Amino acid sequence: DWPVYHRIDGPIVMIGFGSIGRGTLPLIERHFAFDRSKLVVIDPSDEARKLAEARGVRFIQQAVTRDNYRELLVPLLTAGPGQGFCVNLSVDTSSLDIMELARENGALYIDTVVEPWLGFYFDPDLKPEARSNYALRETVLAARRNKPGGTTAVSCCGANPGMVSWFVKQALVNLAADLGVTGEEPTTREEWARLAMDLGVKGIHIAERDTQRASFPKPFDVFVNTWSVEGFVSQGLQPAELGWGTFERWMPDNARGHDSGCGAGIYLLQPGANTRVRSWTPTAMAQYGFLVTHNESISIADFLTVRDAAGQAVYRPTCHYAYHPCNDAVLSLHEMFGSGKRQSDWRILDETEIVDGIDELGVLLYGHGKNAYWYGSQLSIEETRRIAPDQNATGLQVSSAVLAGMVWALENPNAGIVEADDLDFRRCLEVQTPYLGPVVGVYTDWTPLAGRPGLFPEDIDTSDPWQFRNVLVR
Amino acid sequence: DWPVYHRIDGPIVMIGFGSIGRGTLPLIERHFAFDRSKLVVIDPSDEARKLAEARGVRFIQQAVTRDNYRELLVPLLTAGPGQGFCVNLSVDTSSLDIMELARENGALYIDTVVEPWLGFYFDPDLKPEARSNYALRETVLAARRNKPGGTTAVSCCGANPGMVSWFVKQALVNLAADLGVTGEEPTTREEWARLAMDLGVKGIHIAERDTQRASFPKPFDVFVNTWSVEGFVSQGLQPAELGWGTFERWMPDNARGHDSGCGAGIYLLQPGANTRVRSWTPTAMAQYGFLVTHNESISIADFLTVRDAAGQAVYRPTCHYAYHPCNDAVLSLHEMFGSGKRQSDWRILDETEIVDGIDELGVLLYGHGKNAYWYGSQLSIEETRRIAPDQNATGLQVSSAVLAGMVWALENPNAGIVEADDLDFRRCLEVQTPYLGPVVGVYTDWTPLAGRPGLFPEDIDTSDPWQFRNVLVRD
Ligand SMILES: NC(=O)c1ccc[n+]([C@@H]2O[C@H](COP(=O)([O-])OP(=O)(O)OC[C@H]3O[C@@H](n4cnc5c(N)ncnc54)[C@H](O)[C@@H]3O)[C@@H](O)[C@H]2O)c1
Ligand SMILES: NC(=O)c1ccc[n+]([C@@H]2O[C@H](COP(=O)([O-])OP(=O)(O)OC[C@H]3O[C@@H](n4cnc5c(N)ncnc54)[C@H](O)[C@@H]3O)[C@@H](O)[C@H]2O)c1
Ligand SMILES: N=C(N)NCCCCN
Ligand SMILES: N=C(N)NCCCCN
């Protein structure tokens with residue numbers, strides 16, 4: 001039967017019961033030992049409440065806010081007898097403030113995004129840079145500098161951000177092995193960064209193609225997605241953002257850097273979900289992705305930075321999302337940006353509605369001797385239904401990553417604030433892999449200059465096909 | 001019963017029997033008197049042959065080419081008795097050369113595009129300007145100057161180009177009434193141009209939203225459309241192109257003009273089907289369209305040009321396509337441009353496959369005192385099936401326009417080379433309207449600056465909402 005990894009000796013407080021919470025609950029019940037009454041779900045939605053009642057779990061129908069979060073969460077997380085676990089799978093709540101609360105009270109914490117309190121993503125008084133994921137991530141890095149060590153809190157441990165950091169490590173090890181490079185694999189951050197440098201990895205796309213589709217066609221004036229519509233639209237309206245490689249020799253006129261922080265990012269003064277990049281996955285082959293901002297774009301580039309003695313970066317890979325969502329989501333974006341406003345309604349595709357498809361999600365390492373290598377999951381909806389309830393393929397990649405991060409945090413409970421890049425990738429993938437379907441590594445000779453230039457003048461760099469100059473659709 | 005407008009006494013030579021030929025043949029049989037044996041269909045495909053054989057129509061399985069077109073077509077066009085009609089609904093053939101051949105042999109001619117001989121659209125040695133529809137159209141204008149008058153040949157008389165020119169005239173008449181502009185209805189080009197100027201029409205979108213969809217979802221690595229995939233892709237890869245208004249204050253850095261010709265156009269050094277514009281239709285409300293080059297973008301702007309005594313244009317509207325095709329075609333474009341190459345396969349959706357939807361096709365006149373006015377057809381697939389066989393709603397708007405053009409040509413057979421802008425719009429719409437479903441005019445307060453600027457700095461002109469600077473989507 002299914003492995004039971006650990007006993008949780010305290011309350012399990014799940015904040016949010018949308019597509020991810022719904023997928024994560026059965027894995028928590030499956031894989032951890034605890035008295036049933038220890039677990040409670042918090043979400044303001046009526047739809048969520050009804051589902052939770054049907055699953056027999058405690059449910060508190062309340063929005064967690066800046067005004068109530070201490071009065072609500074401190075008692076729930078300290079109910080006893082021992083260490084609890086805050087599993088934060090929400091929108092509209094501050095990941096930073098909830099994480100700090102959990103740590104102050106000795107509760108473990110995990111989330112899948114650095115989310116702000118409601119009001120931030122569309123605050124008109126905020127400059128674009130202040131709305132960036134780089135800025136949000138810097139709040140977490142500052143919190144870690146202020147309070148090193150202490151109770152483990154795992155930031156951004158879903159599928160992407162999350163699992164894809166483990167895929168980057170596995171891909172680096174595979175690339176070295178395929179080149180005939182043997183020996184002890186890296187154990188420190190500096191060793192990982194040097195491995196990427198040494199192998200000549202110029203950059204990395206988080207290269208995703210979701211082919212799930214429903215039994216009904218996309219409705220007019222309805223945004224359709226396979227996971228959070230609210231969350232996808234919010235990140236899609238944030239600036240396009242990327243980890244910025246030392247090899248890059250060009251950026252657009254509307255690109256900007258940061259005066260402070262880890263140093264690894266740029267952003268563009270335009271929305272990421274209306275920015276296209278040329279990319280590739282095994283099933284899609286050459287495709288457009290959307291350059292939607294994501295925590296891992298910054299965290300992976302930061303993690304893989306090599307500095308000189310003076311502290312200047314001498315190597316860092318480019319890293320960004322290149323997302324091709326499901327076809328109905330592609331149409332939803334065309335509709336939303338074309339109208340200039342959010343649709344009147346939205347819906348997240350349920351497994352009962354999906355006729356076929358996969359969520360092909362991996363990392364595309366490029367610029368090395370073998371040109372490009374994609375490593376990741378090809379999980380299908382059919383396999384998903386066989387192995388986990390209450391979710392589609394997109395959901396299961398995320399919920400299984402939360403499971404893996406929870407196992408890691410319980411196993412390493414005194415590690416302080418950590419990102420997915422800081423965890424034991426082998427252990428996390430050992431836990432996650434039963435839920436990932438085919439996990440494969442594929443080389444390709446494709447580059448962003450394939451077939452170019454065409455019949456119009458193009459500003460390309462033929463000396464270096466993987467330059468962002470050639471990737472960005474301009 | 002259906003009106004039989006005229007007898008056709010000579011050969012009816014249909015070149016091409018794809019989606020539009022299949023929709024047009026039944027209308028020709030319905031609306032003209034003639035012995036069926038006088039019809040001949042020419043198409044290289046086996047698919048077309050079997051369909052033509054099923055209709056008991058004479059078929060020649062040949063590609064018309066620069067090498068064979070004279071030897072092949074002249075005996076067909078001149079078989080008699082009396083005047084033939086060449087109905088050209090093909091791809092890969094020279095509209096100009098075939099039209100000139102028809103005229104020199106006294107046969108009427110109609111087409112729906114200025115198509116070049118196979119090889120042109122992807123010729124790597126062609127300068128971008130030479131790939132433009134402005135350039136192709138100038139070959140037709142030059143032919144007209146060289147041989148004025150004579151046998152009628154109707155260039156670009158489908159739905160768009162074609163019908164939409166008639167919608168522009170009707171829309172101008174309606175705007176004049178609604179804005180209180182008095183005067184007799186224009187009866188000359190110069191008078192139409194002056195009316196557009198007096199009404200303050202800054203520009204015109206050919207504003208289209210196709211909502212047809214099939215019983216199956218879009219297959220991977222298949223381009224899906226409701227009409228010619230080959231044709232749509234070819235025009236989509238031509239430069240983005242537009243008739244250029246005198247009111248415009250800005251053009252992109254990669255815009256270019258023309259040193260010669262009618263003077264009405266610019267083009268952009270990028271493909272039109274990967275160029276977006278902000279536009280609007282009644283059912284879509286605000287939407288993106290693709291800035292795909294079309295003959296009418298140039299022909300309507302040219303027709304509505306006012307010149308001073310020196311010959312300099314003092315007024316001309318902007319005019320261009322703002323096309324939102326069916327959802328499966330939107331996905332097909334994302335796939336094609338994302339991969340950098342044509343899909344391995346394609347299909348045109350048949351009426352038997354389409355579950356619901358309309359082809360909402362009209363003209364959006366903007367900049368006047370009531371902001372913007374859309375006039376056009378909202379034909380549904382359900383209505384299409386009730387009234388005409390072998391086609392979807394896209395096809396029927398086109399085939400019925402060809403029908404209207406044929407009736408006009410038979411009634412005016414010595415008018416020389418003409419575009420849809422030159423035809424009697426009322427007579428043409430009288431013939432076509434039974435096939436157009438709801439034809440409506442709708443005002444809107446929407447403008448391209450609605451909701452802007454938003455969260456990011458935008459390069460907009462806040463002084464004039466309808467400036468191209470505000471319409472063009474700038475990656
Ligand atoms: N790292 C990844 O791979 C990844 C993947 C998917 C989702 N996510 C993120 O996970 C989160 C959940 O995604 P989802 O698909 O479940 O979204 P969802 O939109 O389906 O559900 C969000 C849920 O949060 C709720 N909620 C709203 N306000 C709340 C509040 N004040 N307090 C508590 N709950 C509140 C909704 O009622 C709701 O049910 C999103 O933030 C998201 O961006 C991360
Ligand atoms: N003005 C408008 O509104 C409008 C609308 C639709 C189509 N069109 C145009 O009409 C034409 C036909 O469109 P469609 O949807 O029927 O296209 P289609 O792709 O369905 O059919 C084209 C047909 O031409 C044929 N053909 C190819 N090479 C030929 C040759 N050398 N000689 C003769 N025939 C040849 C194919 O075998 C074929 O059946 C296209 O050029 C097009 O762009 C205009
Ligand atoms: N992952 C990084 N960018 N730095 C390492 C952080 C180490 C936290 N203990
Ligand atoms: N329609 C124009 N642009 N000019 C008028 C041409 C008239 C041809 N008889």
# chains A, B, ... in the order shown; residues from 1 in each chain; ligands from 1

$ interface_residues --of "chain B" --to "chain A" --cutoff "6 Å" --atoms "only C-alpha atoms" --output "list in words"
residues 269, 286, 287, 288, 338, 339 and 475 of chain B

$ residues_near_ligand --ligand "ligand 1" --cutoff "7 Å" --atoms "only C-alpha atoms and all ligand atoms" --output "PyMOL selection string"
chain A and resi 15-21+42-45+48+62-65+89-93+112-113+115+156-162+227-232+395+398

$ write_last_selection --atoms "N, CA and C atoms" --output "mmCIF file, in the first residue's frame"
data_model
loop_
_atom_site.group_PDB
_atom_site.id
_atom_site.type_symbol
_atom_site.label_atom_id
_atom_site.label_comp_id
_atom_site.auth_asym_id
_atom_site.auth_seq_id
_atom_site.Cartn_x
_atom_site.Cartn_y
_atom_site.Cartn_z
ATOM 1 N N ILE A 15 -4.712 26.356 4.699
ATOM 2 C CA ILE A 15 -5.295 27.639 4.341
ATOM 3 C C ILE A 15 -5.530 27.595 2.836
ATOM 4 N N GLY A 16 -6.802 27.612 2.451
ATOM 5 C CA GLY A 16 -7.188 27.536 1.055
ATOM 6 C C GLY A 16 -7.603 26.137 0.643
ATOM 7 N N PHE A 17 -8.747 26.045 -0.026
ATOM 8 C CA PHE A 17 -9.265 24.769 -0.487
ATOM 9 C C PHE A 17 -9.841 24.943 -1.888
ATOM 10 N N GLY A 18 -9.004 25.487 -2.769
ATOM 11 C CA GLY A 18 -9.300 25.550 -4.183
ATOM 12 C C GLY A 18 -8.684 24.352 -4.879
ATOM 13 N N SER A 19 -8.246 24.517 -6.128
ATOM 14 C CA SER A 19 -7.836 23.335 -6.886
ATOM 15 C C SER A 19 -6.665 22.621 -6.206
ATOM 16 N N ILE A 20 -5.725 23.378 -5.656
ATOM 17 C CA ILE A 20 -4.553 22.750 -5.050
ATOM 18 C C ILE A 20 -4.850 22.151 -3.675
ATOM 19 N N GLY A 21 -5.570 22.875 -2.828
ATOM 20 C CA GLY A 21 -5.957 22.314 -1.542
ATOM 21 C C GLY A 21 -6.753 21.043 -1.702
ATOM 22 N N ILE A 42 -9.299 26.166 6.137
ATOM 23 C CA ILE A 42 -9.825 27.517 6.239
ATOM 24 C C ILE A 42 -9.965 28.108 4.834
ATOM 25 N N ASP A 43 -11.178 28.494 4.454
ATOM 26 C CA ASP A 43 -11.393 29.087 3.129
ATOM 27 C C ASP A 43 -12.749 29.792 3.157
ATOM 28 N N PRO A 44 -12.846 31.018 2.598
ATOM 29 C CA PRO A 44 -14.123 31.758 2.664
ATOM 30 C C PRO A 44 -15.213 31.277 1.702
ATOM 31 N N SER A 45 -14.874 30.413 0.752
ATOM 32 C CA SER A 45 -15.792 30.038 -0.323
ATOM 33 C C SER A 45 -16.848 29.023 0.105
ATOM 34 N N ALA A 48 -16.131 25.675 -1.598
ATOM 35 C CA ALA A 48 -15.114 24.957 -0.851
ATOM 36 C C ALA A 48 -15.696 24.273 0.380
ATOM 37 N N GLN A 62 -13.820 31.289 6.498
ATOM 38 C CA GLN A 62 -13.336 32.602 6.870
ATOM 39 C C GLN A 62 -12.189 32.985 5.949
ATOM 40 N N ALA A 63 -12.158 34.246 5.535
ATOM 41 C CA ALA A 63 -11.009 34.791 4.820
ATOM 42 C C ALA A 63 -9.955 35.216 5.828
ATOM 43 N N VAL A 64 -8.720 34.781 5.612
ATOM 44 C CA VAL A 64 -7.608 35.173 6.465
ATOM 45 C C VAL A 64 -7.162 36.521 5.952
ATOM 46 N N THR A 65 -7.080 37.498 6.849
ATOM 47 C CA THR A 65 -6.780 38.874 6.485
ATOM 48 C C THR A 65 -5.704 39.429 7.411
ATOM 49 N N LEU A 89 -2.172 27.254 0.886
ATOM 50 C CA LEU A 89 -2.512 27.000 -0.511
ATOM 51 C C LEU A 89 -3.586 27.990 -0.949
ATOM 52 N N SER A 90 -3.385 29.251 -0.593
ATOM 53 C CA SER A 90 -4.415 30.261 -0.750
ATOM 54 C C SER A 90 -4.037 31.339 -1.748
ATOM 55 N N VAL A 91 -5.009 32.185 -2.059
ATOM 56 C CA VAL A 91 -4.740 33.471 -2.691
ATOM 57 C C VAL A 91 -5.093 34.568 -1.692
ATOM 58 N N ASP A 92 -4.589 35.767 -1.951
ATOM 59 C CA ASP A 92 -5.009 36.994 -1.249
ATOM 60 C C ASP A 92 -4.500 37.109 0.202
ATOM 61 N N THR A 93 -3.565 36.249 0.585
ATOM 62 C CA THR A 93 -2.997 36.246 1.929
ATOM 63 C C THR A 93 -1.483 36.459 1.841
ATOM 64 N N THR A 112 3.259 27.716 -1.912
ATOM 65 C CA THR A 112 3.624 27.475 -3.310
ATOM 66 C C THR A 112 3.822 28.773 -4.094
ATOM 67 N N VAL A 113 3.911 29.892 -3.382
ATOM 68 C CA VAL A 113 3.919 31.223 -3.994
ATOM 69 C C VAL A 113 4.225 32.225 -2.879
ATOM 70 N N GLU A 115 2.789 35.178 -1.924
ATOM 71 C CA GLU A 115 1.566 35.934 -2.135
ATOM 72 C C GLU A 115 1.533 37.125 -1.182
ATOM 73 N N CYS A 156 7.536 28.499 -1.630
ATOM 74 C CA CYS A 156 7.378 28.243 -3.064
ATOM 75 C C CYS A 156 7.732 26.814 -3.473
ATOM 76 N N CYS A 157 7.014 25.878 -2.869
ATOM 77 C CA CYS A 157 7.225 24.458 -3.107
ATOM 78 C C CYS A 157 5.982 23.790 -3.691
ATOM 79 N N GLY A 158 5.619 24.243 -4.878
ATOM 80 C CA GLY A 158 4.639 23.570 -5.707
ATOM 81 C C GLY A 158 5.343 22.887 -6.867
ATOM 82 N N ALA A 159 4.688 22.820 -8.021
ATOM 83 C CA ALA A 159 5.304 22.220 -9.210
ATOM 84 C C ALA A 159 6.338 23.172 -9.816
ATOM 85 N N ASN A 160 5.942 24.431 -9.948
ATOM 86 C CA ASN A 160 6.776 25.451 -10.542
ATOM 87 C C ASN A 160 6.233 26.819 -10.129
ATOM 88 N N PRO A 161 6.853 27.458 -9.130
ATOM 89 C CA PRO A 161 8.086 27.062 -8.431
ATOM 90 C C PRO A 161 7.908 25.816 -7.573
ATOM 91 N N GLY A 162 9.010 25.104 -7.368
ATOM 92 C CA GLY A 162 9.109 23.974 -6.462
ATOM 93 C C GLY A 162 9.860 22.830 -7.115
ATOM 94 N N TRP A 227 -5.924 25.423 -13.343
ATOM 95 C CA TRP A 227 -5.593 25.755 -11.964
ATOM 96 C C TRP A 227 -6.059 27.204 -11.784
ATOM 97 N N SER A 228 -5.840 27.778 -10.597
ATOM 98 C CA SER A 228 -6.301 29.118 -10.253
ATOM 99 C C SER A 228 -6.426 30.068 -11.440
ATOM 100 N N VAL A 229 -7.646 30.502 -11.737
ATOM 101 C CA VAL A 229 -7.804 31.599 -12.675
ATOM 102 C C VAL A 229 -7.338 32.899 -12.021
ATOM 103 N N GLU A 230 -7.784 33.134 -10.796
ATOM 104 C CA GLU A 230 -7.389 34.371 -10.108
ATOM 105 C C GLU A 230 -5.872 34.475 -10.032
ATOM 106 N N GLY A 231 -5.234 33.390 -9.615
ATOM 107 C CA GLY A 231 -3.796 33.385 -9.470
ATOM 108 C C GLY A 231 -3.051 33.511 -10.781
ATOM 109 N N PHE A 232 -3.524 32.827 -11.820
ATOM 110 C CA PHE A 232 -2.866 32.927 -13.112
ATOM 111 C C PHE A 232 -2.995 34.342 -13.681
ATOM 112 N N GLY A 395 -2.915 19.861 -11.190
ATOM 113 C CA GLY A 395 -3.043 19.849 -9.746
ATOM 114 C C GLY A 395 -2.143 18.825 -9.085
ATOM 115 N N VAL A 398 1.449 19.694 -8.560
ATOM 116 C CA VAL A 398 1.619 20.671 -7.494
ATOM 117 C C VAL A 398 1.415 20.027 -6.126
#

$ residues_around --residues "residue 373 in chain A" --least-positions-apart "2" --cutoff "9 Å" --atoms "only C-alpha atoms" --output "PyMOL selection string"
chain A and resi 171+175+363-366+368+370-371+375+441-444

$ write_last_selection --atoms "N, CA and C atoms" --output "JSON list (two decimals), in the first residue's frame"
[["chain", "number", "residue", "atom", "x", "y", "z"],
["A", 171, "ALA", "N", 18.82, 17.32, -13.84],
["A", 171, "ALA", "CA", 19.25, 17.58, -15.22],
["A", 171, "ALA", "C", 20.75, 17.87, -15.29],
["A", 175, "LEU", "N", 23.31, 15.66, -17.39],
["A", 175, "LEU", "CA", 24.14, 16.25, -18.43],
["A", 175, "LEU", "C", 25.61, 15.88, -18.20],
["A", 363, "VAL", "N", 12.28, 21.34, -17.28],
["A", 363, "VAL", "CA", 13.29, 22.37, -17.38],
["A", 363, "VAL", "C", 14.11, 22.12, -18.65],
["A", 364, "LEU", "N", 14.32, 23.19, -19.41],
["A", 364, "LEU", "CA", 15.06, 23.13, -20.66],
["A", 364, "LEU", "C", 16.38, 23.85, -20.44],
["A", 365, "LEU", "N", 17.44, 23.08, -20.23],
["A", 365, "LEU", "CA", 18.78, 23.62, -20.05],
["A", 365, "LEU", "C", 19.43, 23.76, -21.40],
["A", 366, "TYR", "N", 19.94, 24.96, -21.72],
["A", 366, "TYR", "CA", 20.49, 25.20, -23.06],
["A", 366, "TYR", "C", 21.85, 25.88, -23.03],
["A", 368, "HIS", "N", 24.84, 24.45, -23.52],
["A", 368, "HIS", "CA", 25.89, 23.48, -23.26],
["A", 368, "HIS", "C", 26.25, 22.71, -24.53],
["A", 370, "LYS", "N", 25.58, 19.83, -25.67],
["A", 370, "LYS", "CA", 24.55, 19.05, -26.34],
["A", 370, "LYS", "C", 23.33, 19.92, -26.72],
["A", 371, "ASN", "N", 23.57, 21.24, -26.76],
["A", 371, "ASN", "CA", 22.61, 22.26, -27.18],
["A", 371, "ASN", "C", 21.46, 22.51, -26.21],
["A", 375, "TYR", "N", 14.16, 18.14, -19.20],
["A", 375, "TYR", "CA", 13.96, 17.11, -18.19],
["A", 375, "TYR", "C", 12.70, 17.43, -17.39],
["A", 441, "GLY", "N", 14.27, 12.66, -19.84],
["A", 441, "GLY", "CA", 15.26, 13.62, -20.30],
["A", 441, "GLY", "C", 15.42, 13.46, -21.80],
["A", 442, "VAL", "N", 15.28, 14.55, -22.54],
["A", 442, "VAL", "CA", 15.28, 14.53, -24.01],
["A", 442, "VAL", "C", 16.19, 15.63, -24.53],
["A", 443, "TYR", "N", 17.15, 15.28, -25.38],
["A", 443, "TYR", "CA", 17.97, 16.28, -26.07],
["A", 443, "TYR", "C", 17.30, 16.71, -27.36],
["A", 444, "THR", "N", 17.58, 17.94, -27.78],
["A", 444, "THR", "CA", 17.11, 18.44, -29.08],
["A", 444, "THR", "C", 18.16, 19.32, -29.73]]

$ residues_around --residues "residue 199 in chain B" --least-positions-apart "5" --cutoff "9 Å" --atoms "only C-alpha atoms" --output "ChimeraX atom specification"
/B:172,175-176,179,181,194,367-369

$ write_last_selection --atoms "N, CA, C and O atoms" --output "JSON list (two decimals), in the first residue's frame"
[["chain", "number", "residue", "atom", "x", "y", "z"],
["B", 172, "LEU", "N", -22.20, 54.97, -44.77],
["B", 172, "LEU", "CA", -22.05, 56.41, -44.97],
["B", 172, "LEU", "C", -23.41, 57.09, -45.12],
["B", 172, "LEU", "O", -23.62, 58.15, -44.58],
["B", 175, "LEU", "N", -24.97, 57.06, -41.58],
["B", 175, "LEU", "CA", -24.31, 58.07, -40.75],
["B", 175, "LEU", "C", -24.77, 59.47, -41.10],
["B", 175, "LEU", "O", -24.98, 60.30, -40.23],
["B", 176, "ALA", "N", -24.89, 59.75, -42.39],
["B", 176, "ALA", "CA", -25.30, 61.08, -42.84],
["B", 176, "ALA", "C", -26.68, 61.41, -42.30],
["B", 176, "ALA", "O", -26.92, 62.52, -41.83],
["B", 179, "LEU", "N", -26.44, 61.87, -38.44],
["B", 179, "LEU", "CA", -25.67, 63.06, -38.04],
["B", 179, "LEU", "C", -26.29, 64.34, -38.59],
["B", 179, "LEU", "O", -25.81, 65.42, -38.29],
["B", 181, "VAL", "N", -26.50, 65.32, -41.75],
["B", 181, "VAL", "CA", -25.81, 65.86, -42.92],
["B", 181, "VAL", "C", -26.72, 65.70, -44.14],
["B", 181, "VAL", "O", -27.02, 64.59, -44.57],
["B", 194, "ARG", "N", -16.14, 62.82, -50.80],
["B", 194, "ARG", "CA", -16.45, 64.08, -50.15],
["B", 194, "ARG", "C", -17.40, 63.85, -48.98],
["B", 194, "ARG", "O", -17.32, 64.54, -47.96],
["B", 367, "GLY", "N", -14.49, 58.01, -35.76],
["B", 367, "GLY", "CA", -13.92, 59.35, -35.73],
["B", 367, "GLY", "C", -14.94, 60.46, -35.94],
["B", 367, "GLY", "O", -14.62, 61.64, -35.78],
["B", 368, "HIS", "N", -16.15, 60.06, -36.30],
["B", 368, "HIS", "CA", -17.26, 60.98, -36.53],
["B", 368, "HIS", "C", -17.93, 61.37, -35.20],
["B", 368, "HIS", "O", -17.51, 60.95, -34.13],
["B", 369, "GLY", "N", -18.98, 62.18, -35.29],
["B", 369, "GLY", "CA", -19.64, 62.72, -34.11],
["B", 369, "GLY", "C", -20.32, 61.72, -33.19],
["B", 369, "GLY", "O", -20.63, 62.06, -32.05]]

$ closest_residue --among "B:404, B:273, B:264, B:429" --to "ligand 4" --atoms "only C-alpha atoms and all ligand atoms"
B:264

$ residues_near_ligand --ligand "ligand 4" --cutoff "12 Å" --atoms "only C-alpha atoms and all ligand atoms" --output "ChimeraX atom specification"
/B:137-138,140-145,147-156,165,188-193,261-264,295-306,316,412,414-424
